[PDB]
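Undergrad: Pasting in a structure now, in structure tokens, and then I'll have a few things to ask.
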Amino acid sequence: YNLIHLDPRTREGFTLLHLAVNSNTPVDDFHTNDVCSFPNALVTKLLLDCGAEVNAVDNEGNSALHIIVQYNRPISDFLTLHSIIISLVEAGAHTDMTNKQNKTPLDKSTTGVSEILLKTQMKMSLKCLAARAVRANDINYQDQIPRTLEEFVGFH
Amino acid sequence: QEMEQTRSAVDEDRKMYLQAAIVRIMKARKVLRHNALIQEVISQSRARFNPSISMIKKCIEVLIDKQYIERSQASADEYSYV
Amino acid sequence: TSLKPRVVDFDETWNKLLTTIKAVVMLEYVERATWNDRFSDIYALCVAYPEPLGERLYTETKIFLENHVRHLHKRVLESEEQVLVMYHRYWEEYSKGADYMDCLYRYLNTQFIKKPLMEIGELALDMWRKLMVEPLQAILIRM
Amino acid sequence: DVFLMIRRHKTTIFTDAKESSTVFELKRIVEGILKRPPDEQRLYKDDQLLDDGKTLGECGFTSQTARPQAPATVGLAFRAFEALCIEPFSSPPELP
Amino acid sequence: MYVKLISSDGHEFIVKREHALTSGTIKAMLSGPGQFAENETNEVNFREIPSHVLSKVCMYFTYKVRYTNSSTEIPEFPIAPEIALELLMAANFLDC
Amino acid sequence: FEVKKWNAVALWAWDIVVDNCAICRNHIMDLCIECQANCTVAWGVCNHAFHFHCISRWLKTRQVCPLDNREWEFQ
Amino acid sequence: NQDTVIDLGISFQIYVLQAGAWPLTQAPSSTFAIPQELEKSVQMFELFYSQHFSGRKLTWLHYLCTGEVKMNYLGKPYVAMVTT
Ligand SMILES: [Zn+2]
Ligand SMILES: [Zn+2]
Ligand SMILES: [Zn+2]
């Protein structure tokens, strides 16, 4: 908790939970290559219930969910892929965020299984659909919406 | 009938485990003779079934068709992979 | 009007809200139209330009709750013979009032408090704990 | 299932119904939720009346047409029948 | 079992109580002195949102109640370009 | 007719459309027979998902799907 | 805990079993239809399993599940129970 409340970001913007759900996380070639495997379903849950910001944003724009749904070993590593997506979504992840390329986690899902799991866990809301329609239609929302909702349209 | 079905399912799982054991041993050795490979396969599978030599030789013959293990050009006794 | 962020006068809207939340936390009668109107009042206070009057609304609600609990405490101390019955009656009233206040202040709890602070239901229960039962703890325990 | 937006001037009603059902059930639903006798409800779907016993699937709207997203409008009237004066919705503010 | 949702422009949208409890603000409006209206109607007075956006959120209540399991696929919800940014504030207020 | 009280049994499984790698007859969660002692999964256009090592060896043998007579294509 | 009051009309007890662990299978090609009086229960449990234990599919075994029956025509002589 003490570390995760310092907001530790790497040079690419990965918070301490982006790395825990990332396949491309450097594990040392020495004896840590065996025990320490990333993405980890237990490290992600430990960070989540130790107070990690699940809606943290990479410098590229990807959230913590845009990275796990890009995992390239879905069927081989279903138990890790399933339990992480379960943990993030019920830990507060917003399964509609758009990165700086304006892509939802379903759009940034290079896997059918990740799409199926996310769509199973995707809870629909009219705020999300209305924000998607506002962003997609290029409606000028500045100074016409609540300030707290300006961010909400911002990550859609 | 269900007893016979179970006693045939154990034979199918026995064949699959024998093939897996042959492939694992031939990837841990990369070359072995028939007389040594049969004994190694028998010794590896003892906590499970005791395998009849006909079953091991049938599995090692059908793995040739799948190219997991191949006979060396020197003699059919020698074995290799491809 | 509509849900566009307005520039609301905090004094008049907060006075109307004070009337309705006093009549709510005292379990008096408020018109259903008035209650649904003060949801709009809460929304307008938590959204208005140029500065969102969310923290001011939270502070004013906390001050009103403190004053109300202090008034209840003083009346209960005045009724020394039936301190116990008065505490029960005013606790039932204040519990239902805190529940209805957490209902009415749902926008603060969901958009400002949770995004630190404590929700209005939790705030009301905490004010009751720190201003109604903890001061006259000894009298209640002994009786 | 078929979802309907039964309109009567200002009073708009959102009702779920089954394709294998009659407009008898629709009239009973609207009189139960409108507190009216179950005979003055005269539907005016696209300005043409429909029989009181025929199924609403055959009335012109199917399950693939009156989806939940855009329910089919069913105008309504009551005996004093009254003229169809279905008020339109509020005008949206110009363009995005 | 049938709540009424009066809009700012007079329109009264009647939708099921189970349908209109998917929004947090209506659930809070019907929890408290707002429940003391009775008359089986349990009306709520939305003095803010116009008629078209209230109709769209009622259609969304129906759409979410229908497609909540998502067994195979949920079809797209047709937000009009003009109704967005006015349904966004409405869906924020209602916490849909 | 009606049932007053009921008792049922259900066999839950993962929602993946593919169940087993029909080369080594192994489940896809664990590793292939070549790969058990020392893996990714290769899909196909015909909804045929098998082990990467098994698919590589099979295509090294022939360009035919193990179940039907179709040309193997990657994803 | 659901919004509407759910009238199952049943005391639903189920054994949710791993597919690979148990030696059971849907070997028969029977297309047995779920009875309508408990189809509500099976649909409610499908919804519950999708809600909580998501990502899993249920293959119901209709030839290992038993339940009591109501005899409204045979003469109501107490009760009896058989398999589905
Ligand atoms: Zn492998
Ligand atoms: Zn394989
Ligand atoms: Zn194929």
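Residue numbers start at 1 in each chain; chains themselves are named A, B, ... in the order of the structure tokens; ligands are numbered from 1 in the order shown.
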Let me have all residues with an atom within 8 Å of ligand 3, counting only C-alpha atoms and all ligand atoms, laid out as a list in words.

TA: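 Residues lying within 8 Å of ligand 3: residues 44, 45, 46, 47, 48, 64, 65, 66, 67, 68, 69, 70, 71 and 72 of chain F.
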
Undergrad: Suppose we keep N, CA, C and O atoms; can you now write the selection as a compact mmCIF listing (two decimals), in the first residue's frame?

TA:
# COMPACT_ATOMS: atom_id res chain seq x y z
N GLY F 44 -7.17 -21.92 -36.44
CA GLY F 44 -7.32 -22.11 -37.87
C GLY F 44 -8.58 -21.44 -38.37
O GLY F 44 -9.46 -21.07 -37.59
N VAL F 45 -8.65 -21.29 -39.69
CA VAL F 45 -9.82 -20.68 -40.32
C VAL F 45 -11.07 -21.53 -40.13
O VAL F 45 -12.18 -20.99 -40.12
N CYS F 46 -10.91 -22.84 -39.97
CA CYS F 46 -12.03 -23.75 -39.78
C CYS F 46 -12.36 -23.99 -38.31
O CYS F 46 -12.88 -25.06 -37.96
N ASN F 47 -12.06 -23.01 -37.45
CA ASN F 47 -12.29 -23.11 -36.00
C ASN F 47 -11.59 -24.32 -35.41
O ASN F 47 -12.11 -24.99 -34.51
N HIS F 48 -10.39 -24.61 -35.90
CA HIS F 48 -9.56 -25.70 -35.41
C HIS F 48 -8.40 -25.11 -34.63
O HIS F 48 -7.51 -24.49 -35.21
N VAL F 64 -2.76 -30.48 -44.40
CA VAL F 64 -4.14 -30.93 -44.29
C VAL F 64 -4.55 -30.85 -42.83
O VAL F 64 -3.77 -31.17 -41.93
N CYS F 65 -5.78 -30.40 -42.59
CA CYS F 65 -6.29 -30.37 -41.23
C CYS F 65 -6.42 -31.79 -40.69
O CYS F 65 -6.76 -32.71 -41.44
N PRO F 66 -6.14 -32.01 -39.40
CA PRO F 66 -6.22 -33.37 -38.85
C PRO F 66 -7.61 -33.97 -38.85
O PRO F 66 -7.74 -35.20 -38.79
N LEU F 67 -8.66 -33.15 -38.91
CA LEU F 67 -10.03 -33.64 -38.83
C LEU F 67 -10.75 -33.69 -40.17
O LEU F 67 -11.43 -34.67 -40.47
N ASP F 68 -10.61 -32.65 -40.99
CA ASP F 68 -11.26 -32.60 -42.30
C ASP F 68 -10.23 -32.26 -43.37
O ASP F 68 -9.10 -31.87 -43.09
N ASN F 69 -10.66 -32.40 -44.63
CA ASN F 69 -9.78 -32.17 -45.78
C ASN F 69 -9.87 -30.69 -46.16
O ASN F 69 -10.56 -30.30 -47.11
N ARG F 70 -9.15 -29.87 -45.40
CA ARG F 70 -9.09 -28.44 -45.66
C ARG F 70 -7.65 -27.98 -45.56
O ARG F 70 -6.85 -28.53 -44.79
N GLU F 71 -7.31 -26.96 -46.35
CA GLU F 71 -5.97 -26.39 -46.30
C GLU F 71 -5.79 -25.60 -45.01
O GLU F 71 -6.64 -24.78 -44.65
N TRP F 72 -4.69 -25.85 -44.31
CA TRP F 72 -4.43 -25.19 -43.04
C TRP F 72 -4.01 -23.74 -43.26
O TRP F 72 -3.13 -23.46 -44.08

Undergrad: Using only C-alpha atoms, find the residues of chain F whose closest atom to chain G is at most 7 Å away, then write them as a ChimeraX atom specification.

TA: /F:1-15

Undergrad: Please produce an output containing N, CA, C and O atoms for each residue in the selection, written as an mmCIF file, in the first residue's frame.

TA:
data_model
loop_
_atom_site.group_PDB
_atom_site.id
_atom_site.type_symbol
_atom_site.label_atom_id
_atom_site.label_comp_id
_atom_site.auth_asym_id
_atom_site.auth_seq_id
_atom_site.Cartn_x
_atom_site.Cartn_y
_atom_site.Cartn_z
ATOM 1 N N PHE F 1 -49.231 -30.760 -14.105
ATOM 2 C CA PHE F 1 -48.208 -31.386 -13.276
ATOM 3 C C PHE F 1 -47.169 -30.365 -12.830
ATOM 4 O O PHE F 1 -46.959 -29.350 -13.495
ATOM 5 N N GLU F 2 -46.519 -30.640 -11.702
ATOM 6 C CA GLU F 2 -45.522 -29.735 -11.153
ATOM 7 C C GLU F 2 -44.544 -30.530 -10.300
ATOM 8 O O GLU F 2 -44.803 -31.673 -9.918
ATOM 9 N N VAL F 3 -43.408 -29.904 -10.005
ATOM 10 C CA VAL F 3 -42.359 -30.496 -9.183
ATOM 11 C C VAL F 3 -42.254 -29.676 -7.906
ATOM 12 O O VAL F 3 -42.038 -28.458 -7.961
ATOM 13 N N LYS F 4 -42.425 -30.335 -6.759
ATOM 14 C CA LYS F 4 -42.365 -29.624 -5.486
ATOM 15 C C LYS F 4 -40.933 -29.270 -5.100
ATOM 16 O O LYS F 4 -40.675 -28.157 -4.627
ATOM 17 N N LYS F 5 -39.995 -30.194 -5.289
ATOM 18 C CA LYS F 5 -38.597 -29.953 -4.954
ATOM 19 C C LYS F 5 -37.720 -30.739 -5.916
ATOM 20 O O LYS F 5 -38.058 -31.863 -6.297
ATOM 21 N N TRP F 6 -36.594 -30.144 -6.304
ATOM 22 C CA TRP F 6 -35.758 -30.691 -7.361
ATOM 23 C C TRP F 6 -34.296 -30.733 -6.936
ATOM 24 O O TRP F 6 -33.833 -29.904 -6.148
ATOM 25 N N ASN F 7 -33.578 -31.714 -7.479
ATOM 26 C CA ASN F 7 -32.146 -31.880 -7.270
ATOM 27 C C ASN F 7 -31.492 -32.131 -8.621
ATOM 28 O O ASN F 7 -31.923 -33.019 -9.361
ATOM 29 N N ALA F 8 -30.453 -31.361 -8.937
ATOM 30 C CA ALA F 8 -29.849 -31.406 -10.261
ATOM 31 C C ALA F 8 -28.336 -31.505 -10.147
ATOM 32 O O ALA F 8 -27.750 -31.239 -9.097
ATOM 33 N N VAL F 9 -27.707 -31.913 -11.249
ATOM 34 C CA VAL F 9 -26.255 -31.956 -11.364
ATOM 35 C C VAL F 9 -25.857 -31.284 -12.669
ATOM 36 O O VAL F 9 -26.482 -31.505 -13.711
ATOM 37 N N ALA F 10 -24.823 -30.450 -12.607
ATOM 38 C CA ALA F 10 -24.378 -29.675 -13.753
ATOM 39 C C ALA F 10 -22.877 -29.827 -13.925
ATOM 40 O O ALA F 10 -22.127 -29.810 -12.945
ATOM 41 N N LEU F 11 -22.445 -29.962 -15.172
ATOM 42 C CA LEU F 11 -21.041 -30.171 -15.517
ATOM 43 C C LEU F 11 -20.503 -28.885 -16.139
ATOM 44 O O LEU F 11 -20.569 -28.692 -17.354
ATOM 45 N N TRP F 12 -19.960 -28.007 -15.301
ATOM 46 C CA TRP F 12 -19.426 -26.745 -15.788
ATOM 47 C C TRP F 12 -18.110 -26.963 -16.521
ATOM 48 O O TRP F 12 -17.300 -27.810 -16.140
ATOM 49 N N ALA F 13 -17.905 -26.185 -17.579
ATOM 50 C CA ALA F 13 -16.679 -26.218 -18.358
ATOM 51 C C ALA F 13 -16.404 -24.816 -18.878
ATOM 52 O O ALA F 13 -17.282 -23.949 -18.874
ATOM 53 N N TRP F 14 -15.171 -24.591 -19.318
ATOM 54 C CA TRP F 14 -14.802 -23.290 -19.849
ATOM 55 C C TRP F 14 -15.553 -23.003 -21.144
ATOM 56 O O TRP F 14 -15.844 -23.904 -21.935
ATOM 57 N N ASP F 15 -15.865 -21.726 -21.358
ATOM 58 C CA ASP F 15 -16.701 -21.300 -22.473
ATOM 59 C C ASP F 15 -15.961 -21.266 -23.804
ATOM 60 O O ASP F 15 -16.493 -20.716 -24.773
#

Undergrad: Figure out the distance between atom CA of residue 50 of chain B and atom CA of residue 65 of chain B, please, to one decimal in Å.

TA: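 Calculated distance between atom CA of residue 65 of chain B and atom CA of residue 50 of chain B is 24.7 Å.
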
Undergrad: So that I can see what lies close to residue 81 of chain D, please list as a VMD selection string the residues with an atom at most 12 Å from it, counting only C-alpha atoms and leaving out residues fewer than 3 positions away in the same chain.

TA: chain D and resid 39 to 44 49 76 to 78 84 to 85

Undergrad: Could you list, as a PyMOL selection string, all protein and nucleic acid residues with an atom at most 9 Å from ligand 2, counting only C-alpha atoms and all ligand atoms?

TA: chain F and resi 20-28+31-35+41+50-55

Undergrad: I need the residues from that last selection saved to file as a PDB file, in the first residue's frame (with C-alpha atoms), if you can.

TA:
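Contents of the output file out.pdb:
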ATOM      1  CA  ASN F  20      -8.941 -30.747 -26.951  1.00  0.00           C
ATOM      2  CA  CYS F  21      -5.893 -30.666 -29.215  1.00  0.00           C
ATOM      3  CA  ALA F  22      -6.719 -33.509 -31.596  1.00  0.00           C
ATOM      4  CA  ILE F  23      -3.092 -34.412 -32.318  1.00  0.00           C
ATOM      5  CA  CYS F  24      -1.738 -35.483 -28.931  1.00  0.00           C
ATOM      6  CA  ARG F  25      -5.282 -35.930 -27.521  1.00  0.00           C
ATOM      7  CA  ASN F  26      -4.325 -33.565 -24.693  1.00  0.00           C
ATOM      8  CA  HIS F  27      -6.356 -30.751 -23.198  1.00  0.00           C
ATOM      9  CA  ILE F  28      -5.228 -27.276 -24.193  1.00  0.00           C
ATOM     10  CA  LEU F  31       1.282 -28.644 -22.495  1.00  0.00           C
ATOM     11  CA  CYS F  32       1.709 -30.854 -25.549  1.00  0.00           C
ATOM     12  CA  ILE F  33       3.470 -34.223 -25.405  1.00  0.00           C
ATOM     13  CA  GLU F  34       6.480 -32.674 -27.138  1.00  0.00           C
ATOM     14  CA  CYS F  35       6.205 -29.763 -24.699  1.00  0.00           C
ATOM     15  CA  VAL F  41      -2.103 -22.288 -29.182  1.00  0.00           C
ATOM     16  CA  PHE F  50      -4.456 -27.090 -31.586  1.00  0.00           C
ATOM     17  CA  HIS F  51      -1.072 -26.864 -29.903  1.00  0.00           C
ATOM     18  CA  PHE F  52       1.572 -24.749 -31.606  1.00  0.00           C
ATOM     19  CA  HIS F  53       4.135 -27.565 -31.603  1.00  0.00           C
ATOM     20  CA  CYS F  54       1.575 -30.104 -32.834  1.00  0.00           C
ATOM     21  CA  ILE F  55       0.446 -27.759 -35.616  1.00  0.00           C
TER      22      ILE F  55
END

Undergrad: From a DSSP pass on the backbone, collect the residues of chain F flagged as strand (DSSP E) and hand them back as a ChimeraX atom specification.

TA: /F:6-14,20-21,26-27,41-42,50-51

Undergrad: Which chain E residues have any atom within 10 Å of an atom of chain C, and for each, what is the nearest pair of atoms with distance in Å to one decimal, counting only C-alpha atoms, rows sorted by chain and number, as JSON lines?

TA:
{"residue": "E:8", "atom": "CA", "partner": "C:1", "partner_atom": "CA", "distance": 8.3}
{"residue": "E:24", "atom": "CA", "partner": "C:106", "partner_atom": "CA", "distance": 8.0}
{"residue": "E:25", "atom": "CA", "partner": "C:106", "partner_atom": "CA", "distance": 7.2}
{"residue": "E:26", "atom": "CA", "partner": "C:36", "partner_atom": "CA", "distance": 9.3}
{"residue": "E:27", "atom": "CA", "partner": "C:103", "partner_atom": "CA", "distance": 8.5}
{"residue": "E:28", "atom": "CA", "partner": "C:103", "partner_atom": "CA", "distance": 5.0}
{"residue": "E:29", "atom": "CA", "partner": "C:36", "partner_atom": "CA", "distance": 6.4}
{"residue": "E:30", "atom": "CA", "partner": "C:36", "partner_atom": "CA", "distance": 9.2}
{"residue": "E:31", "atom": "CA", "partner": "C:103", "partner_atom": "CA", "distance": 6.9}
{"residue": "E:32", "atom": "CA", "partner": "C:100", "partner_atom": "CA", "distance": 5.4}
{"residue": "E:33", "atom": "CA", "partner": "C:32", "partner_atom": "CA", "distance": 6.3}
{"residue": "E:34", "atom": "CA", "partner": "C:32", "partner_atom": "CA", "distance": 4.8}
{"residue": "E:35", "atom": "CA", "partner": "C:32", "partner_atom": "CA", "distance": 7.9}
{"residue": "E:36", "atom": "CA", "partner": "C:32", "partner_atom": "CA", "distance": 7.2}
{"residue": "E:37", "atom": "CA", "partner": "C:32", "partner_atom": "CA", "distance": 6.5}
{"residue": "E:42", "atom": "CA", "partner": "C:32", "partner_atom": "CA", "distance": 9.5}
{"residue": "E:43", "atom": "CA", "partner": "C:32", "partner_atom": "CA", "distance": 8.7}
{"residue": "E:44", "atom": "CA", "partner": "C:36", "partner_atom": "CA", "distance": 6.6}
{"residue": "E:45", "atom": "CA", "partner": "C:36", "partner_atom": "CA", "distance": 6.0}
{"residue": "E:46", "atom": "CA", "partner": "C:36", "partner_atom": "CA", "distance": 7.2}
{"residue": "E:47", "atom": "CA", "partner": "C:37", "partner_atom": "CA", "distance": 7.1}
{"residue": "E:48", "atom": "CA", "partner": "C:2", "partner_atom": "CA", "distance": 4.6}
{"residue": "E:49", "atom": "CA", "partner": "C:2", "partner_atom": "CA", "distance": 5.7}
{"residue": "E:50", "atom": "CA", "partner": "C:2", "partner_atom": "CA", "distance": 7.3}
{"residue": "E:85", "atom": "CA", "partner": "C:4", "partner_atom": "CA", "distance": 9.5}
{"residue": "E:86", "atom": "CA", "partner": "C:3", "partner_atom": "CA", "distance": 7.8}
{"residue": "E:87", "atom": "CA", "partner": "C:3", "partner_atom": "CA", "distance": 9.7}
{"residue": "E:88", "atom": "CA", "partner": "C:3", "partner_atom": "CA", "distance": 9.6}
{"residue": "E:89", "atom": "CA", "partner": "C:3", "partner_atom": "CA", "distance": 6.1}
{"residue": "E:90", "atom": "CA", "partner": "C:3", "partner_atom": "CA", "distance": 7.1}
{"residue": "E:92", "atom": "CA", "partner": "C:107", "partner_atom": "CA", "distance": 9.2}
{"residue": "E:93", "atom": "CA", "partner": "C:43", "partner_atom": "CA", "distance": 7.2}
{"residue": "E:94", "atom": "CA", "partner": "C:107", "partner_atom": "CA", "distance": 9.2}
{"residue": "E:95", "atom": "CA", "partner": "C:107", "partner_atom": "CA", "distance": 8.6}

Undergrad: Just write the chosen residues, N, CA and C atoms, as a compact mmCIF listing (two decimals), in the first residue's frame.

TA:
# COMPACT_ATOMS: atom_id res chain seq x y z
N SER E 8 -39.91 17.56 -18.09
CA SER E 8 -40.03 19.01 -17.93
C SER E 8 -41.14 19.56 -18.81
N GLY E 24 -29.95 4.91 -10.36
CA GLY E 24 -29.77 5.18 -8.94
C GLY E 24 -30.59 6.36 -8.45
N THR E 25 -30.73 7.39 -9.28
CA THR E 25 -31.46 8.58 -8.84
C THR E 25 -32.95 8.31 -8.70
N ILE E 26 -33.54 7.53 -9.60
CA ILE E 26 -34.95 7.19 -9.45
C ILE E 26 -35.14 6.24 -8.27
N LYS E 27 -34.19 5.33 -8.05
CA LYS E 27 -34.25 4.47 -6.88
C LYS E 27 -34.17 5.27 -5.59
N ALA E 28 -33.41 6.36 -5.58
CA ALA E 28 -33.36 7.24 -4.42
C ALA E 28 -34.60 8.12 -4.31
N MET E 29 -35.17 8.53 -5.45
CA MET E 29 -36.38 9.34 -5.43
C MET E 29 -37.57 8.56 -4.92
N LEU E 30 -37.62 7.26 -5.20
CA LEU E 30 -38.68 6.40 -4.69
C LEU E 30 -38.35 5.81 -3.33
N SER E 31 -37.21 6.17 -2.74
CA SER E 31 -36.81 5.71 -1.41
C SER E 31 -36.76 6.92 -0.49
N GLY E 32 -37.80 7.08 0.33
CA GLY E 32 -37.89 8.21 1.23
C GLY E 32 -39.29 8.78 1.23
N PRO E 33 -39.39 10.10 1.44
CA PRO E 33 -40.70 10.75 1.32
C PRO E 33 -41.28 10.69 -0.09
N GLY E 34 -40.46 10.41 -1.10
CA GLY E 34 -40.98 10.21 -2.44
C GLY E 34 -41.81 8.95 -2.59
N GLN E 35 -41.60 7.97 -1.71
CA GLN E 35 -42.43 6.77 -1.70
C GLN E 35 -43.82 7.05 -1.13
N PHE E 36 -43.98 8.16 -0.41
CA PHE E 36 -45.24 8.48 0.24
C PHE E 36 -46.26 9.10 -0.70
N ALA E 37 -46.06 8.98 -2.02
CA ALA E 37 -47.09 9.39 -2.97
C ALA E 37 -48.19 8.34 -3.09
N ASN E 42 -46.66 6.07 -8.12
CA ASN E 42 -45.29 6.41 -7.72
C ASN E 42 -44.61 7.32 -8.74
N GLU E 43 -45.24 8.47 -8.99
CA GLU E 43 -44.73 9.39 -9.99
C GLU E 43 -43.49 10.12 -9.49
N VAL E 44 -42.64 10.53 -10.43
CA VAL E 44 -41.47 11.35 -10.15
C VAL E 44 -41.48 12.53 -11.12
N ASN E 45 -41.16 13.71 -10.61
CA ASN E 45 -41.23 14.94 -11.39
C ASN E 45 -39.83 15.36 -11.79
N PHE E 46 -39.47 15.10 -13.05
CA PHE E 46 -38.19 15.52 -13.60
C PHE E 46 -38.38 16.91 -14.20
N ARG E 47 -38.14 17.93 -13.39
CA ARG E 47 -38.27 19.31 -13.86
C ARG E 47 -37.13 19.72 -14.77
N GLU E 48 -36.10 18.88 -14.92
CA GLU E 48 -34.90 19.25 -15.67
C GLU E 48 -34.89 18.68 -17.08
N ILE E 49 -34.96 17.36 -17.22
CA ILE E 49 -34.74 16.71 -18.51
C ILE E 49 -35.95 16.88 -19.42
N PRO E 50 -35.76 17.29 -20.67
CA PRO E 50 -36.89 17.41 -21.60
C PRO E 50 -37.53 16.08 -21.95
N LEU E 85 -25.24 14.37 -25.63
CA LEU E 85 -24.79 15.54 -24.86
C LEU E 85 -25.95 16.14 -24.07
N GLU E 86 -27.15 15.63 -24.33
CA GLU E 86 -28.33 15.92 -23.54
C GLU E 86 -28.88 14.67 -22.89
N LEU E 87 -28.60 13.51 -23.48
CA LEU E 87 -28.77 12.23 -22.82
C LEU E 87 -27.58 11.86 -21.95
N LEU E 88 -26.42 12.46 -22.19
CA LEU E 88 -25.27 12.21 -21.33
C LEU E 88 -25.46 12.83 -19.96
N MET E 89 -25.90 14.09 -19.93
CA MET E 89 -26.22 14.73 -18.65
C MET E 89 -27.39 14.03 -17.97
N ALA E 90 -28.38 13.59 -18.75
CA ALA E 90 -29.51 12.86 -18.17
C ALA E 90 -29.07 11.54 -17.57
N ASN E 92 -26.09 10.86 -16.49
CA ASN E 92 -25.29 11.16 -15.31
C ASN E 92 -26.18 11.48 -14.12
N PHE E 93 -27.20 12.31 -14.33
CA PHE E 93 -28.12 12.68 -13.26
C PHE E 93 -28.85 11.46 -12.73
N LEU E 94 -29.32 10.59 -13.63
CA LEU E 94 -30.04 9.40 -13.22
C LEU E 94 -29.12 8.27 -12.79
N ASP E 95 -27.81 8.41 -12.99
CA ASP E 95 -26.83 7.37 -12.65
C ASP E 95 -27.18 6.04 -13.31

Undergrad: For residue 108 of chain A, please output as a list in words all residues within 9 Å (counting only C-alpha atoms; exclusion window: fewer than 6 positions along the same chain).

TA: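 Listed by chain and then number, they are residues 62, 66, 67, 69 and 70 of chain A.
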
Undergrad: Those residues you just picked out, can you put them in a file as a PDB file, in the first residue's frame with C-alpha atoms?

TA:
ATOM      1  CA  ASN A  62      -3.947   2.187 -22.315  1.00  0.00           C
ATOM      2  CA  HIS A  66      -6.271  -2.600 -22.377  1.00  0.00           C
ATOM      3  CA  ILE A  67      -3.104  -4.570 -21.572  1.00  0.00           C
ATOM      4  CA  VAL A  69      -6.936  -8.165 -23.074  1.00  0.00           C
ATOM      5  CA  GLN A  70      -3.962  -8.004 -25.458  1.00  0.00           C
TER       6      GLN A  70
END

Undergrad: Select, as an MDAnalysis selection string, those residues of chain F with any atom no more than 8 Å from chain A (distances computed using only C-alpha atoms).

TA: chainID F and resid 16 28:30 39:41

Undergrad: List every residue of chain B that DSSP, applied to the backbone, labels as helix (DSSP H, G or I), and write the result as number ranges by chain.

TA: B: 2-29, 34-44, 53-65

Undergrad: Pull out every residue of chain A sitting within 6 Å of chain E, counting only C-alpha atoms, and send them as a VMD selection string.

TA: chain A and resid 125 to 127 130 134

Undergrad: If we count only C-alpha atoms, what is near segment 49-64 of chain C at a cut-off of 9 Å, once residues fewer than 3 positions away on the same chain are taken out, given as a ChimeraX atom specification?

TA: /A:146-147 /C:5-8,10,14,18,22,42,44-46,67-69,108,112-113,120,123-124,127

Undergrad: So that I can check the surroundings of segment 14-18 of chain A, please list as a list in words every protein, DNA and RNA residue that reaches within 7 Å of it, counting only C-alpha atoms and ignoring chain neighbours fewer than 4 positions away.

TA: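 Everything that qualifies: residues 4, 7, 8, 9, 10, 22, 44, 47, 58 and 64 of chain A.
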
Undergrad: Do you have the atom CA of residue 63 of chain D-atom CA of residue 1 of chain D distance handy?

TA: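 Atom CA of residue 1 of chain D lies at a distance of 5.9 Å from atom CA of residue 63 of chain D.
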